[PDB]
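The chain below stands alone and is given in C-alpha cells; this is the form deposited in one PDB entry.
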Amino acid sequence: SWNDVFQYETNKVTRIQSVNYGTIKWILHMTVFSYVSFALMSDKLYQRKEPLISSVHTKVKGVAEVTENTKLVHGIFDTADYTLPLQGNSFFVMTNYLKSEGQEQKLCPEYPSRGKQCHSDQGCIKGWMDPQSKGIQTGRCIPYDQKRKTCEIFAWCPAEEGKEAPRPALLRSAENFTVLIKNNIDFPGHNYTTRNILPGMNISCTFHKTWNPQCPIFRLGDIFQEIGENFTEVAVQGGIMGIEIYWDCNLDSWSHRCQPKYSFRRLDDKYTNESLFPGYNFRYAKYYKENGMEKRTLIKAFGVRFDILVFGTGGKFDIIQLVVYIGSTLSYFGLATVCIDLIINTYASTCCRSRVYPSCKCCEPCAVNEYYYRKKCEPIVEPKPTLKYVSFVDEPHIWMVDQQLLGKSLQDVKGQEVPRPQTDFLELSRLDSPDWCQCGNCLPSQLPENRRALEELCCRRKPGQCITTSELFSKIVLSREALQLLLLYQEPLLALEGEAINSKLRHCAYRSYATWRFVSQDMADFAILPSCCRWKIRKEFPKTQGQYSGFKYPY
C-alpha cells in the first residue's frame, strides 16, 4: 500500500497543430489576463482598506457691524457674540435673531401669528397646552392690540413666539466671515496618521477648488456660492450646510498619497413645510432676578449650522488579499479550453455537414473537427446483463439490443444501430428450418424455454447464402490448426488431450467469430452468435456429456 502513496496521475492529452485553435486560445488567455490585471489595479484588490478616525478643530474669524433701530443703534458682533463654545464636527454662526427681554411668568395675549387671532372665548380652550405659543390657555379671548385679540395664555410674557424673523437678516456681514478647519485622521490598523495642514503651507490663502484646493480656510459666502446657494436669503431663517472632507489615501511607499478633497452640500431641505420647522434656529435663555422678580431674557437665534463630515479609507498591500483575488480569478483561464472543446464537439455532429454546410459552404473546412472528436473521445456502454450485440452479413452496421427478451426472438427484436469499428490495417496487412431463419442452417435452441429466444438468431435479415458457406469461416473459426496455434501462443506447454481441449477450441472459435464480426472486444464480449455458426462450431468440436451452456454474462 506504500507504493499507493508514491503515485502521480497525469491526464492524457492530444495535440493539434492548428493555427485557428492556438490563435483563439492565446487571444482568450490574453483577454482574461488583461481584464484580471485591470480590475486588480483599478480597484486595488491587492490592498486591505481601513476606515479612518477623525478629529476636527474649527476657528471662525470675523466681526459684524449691525445698525438697527426711534434711534440709530450701531454695534458690532465678535466671535463670542455669534458662535458657541463647540468647535468640533459642527459649528454654528448666528445670522439673525429675535430677542425678548424681561420676561415674567404671568398671563399675556398669545402672539397673533398665522391663524392665532380669536374672535370669541369659544375659540380658546381652557387648560390646553399650545406648543407653538409655549403657554397654557385660559380659555379667554383678550385684546392684543387695537385691532386684534388673541387667546390668553400663562407663559413667559411678553410672548413673541410666531413673530417673523427680521428681513433683511441683521448679521448679513457673516457672508464675509472665514473658518479655519483642522482635520486630524488616523488609520490605526495601518498605524498611519496625518493632518490637513502641513509645514510650508501658505496662511494668507483662501480656498478655491481650482487655485487653492488645499487651503483649509473657507469664506462662508464662497461655500454657499460654490453650490448655487444664496447666503443672504438663508441668513433670514437659517440652514444647515455640510463641508465634506474625503480622504482617498494610498499608504504604499511606491505610490504614497494621502490628501483631502473638500466639497459642500446643503443638508436642510429648502422646501420644508412651515409646520416642520423650516430653517435652523434655537432659543437660548438667560435668567436673572430684578426687583425681586425672577425674569428671563430669551433670544431666538437663526443661523447656519456647518456640519463637517470626514470619511475615507486607507489602503496598504496585503498578501492574503492578493492571494484570494488570484485564486478567485484562476478558473477564468479555462475559458479557452471550454470554448474550443465546445467547437470541437459541436462541429463533430453529423447534422452539421448534411444540413449546415449546403446552406453555408464557408464552414465546410470545419469538418476536421470530426477527426479531433474521434481522436479525443472514446464512448463506452454500461455492461449490464441485457446488453447484446448482433451483426448481419447483409447489413454493414451493428445492432445493439439493451432490453429484456420477453419471449420474442432476438432476430425480431429491434435495436440501436451502431457503426462497425475499423480493424487495424497494420494487423490486417498480413498474409423444417425455423421461421425466423432464412440461411437454411440454423437449428432450434437447446436451452430452457425461459431463455431460448436468446439463441434464436440468424446470420442475416433477408434470405440468402449463409455466412458460414464462405471459406473464411472455416479458415478462421473451424480451422483446428489455427485454434491450437492460438492456444499454444497463450499456453505454450498445453496438452492436447481430453474434452477440455475440445471445450477450449469451441470457446476460441466463438471468440474468433465475435472478433471477426464485431472487431471491438467490448462489443465482442457481449456479442451473440448466430444459431447456424454456433451449432456448426459445436458439431466441429462436440461436447460428449451435457448440453451446451451458452452465453454467460461477463460480470
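Rigid core (definition): largest C-alpha set, two forms, superposition within 1.5 Å. Heads up: residue numbers just count along the shown sequence, starting at 1.
The protein also exists as the form deposited in another entry; that form is not presented, and the subsequent description refers to it.
In a core superposition between the shown form and the other one, the Cα of 133 is the only one among 445, 133, 391, 468 shifting by 2 Å or more. For residue 368, the Cα coordinates differ by under 2 angstroms between the shown form and the other one after the core has been superposed.
Relative to the superposed rigid core, residue 417 undergoes a CA displacement smaller than 2 Å between the shown form and the other one. Relative to the superposed core, residue 488 undergoes a Cα shift smaller than 2 Å between the shown form and the other one.
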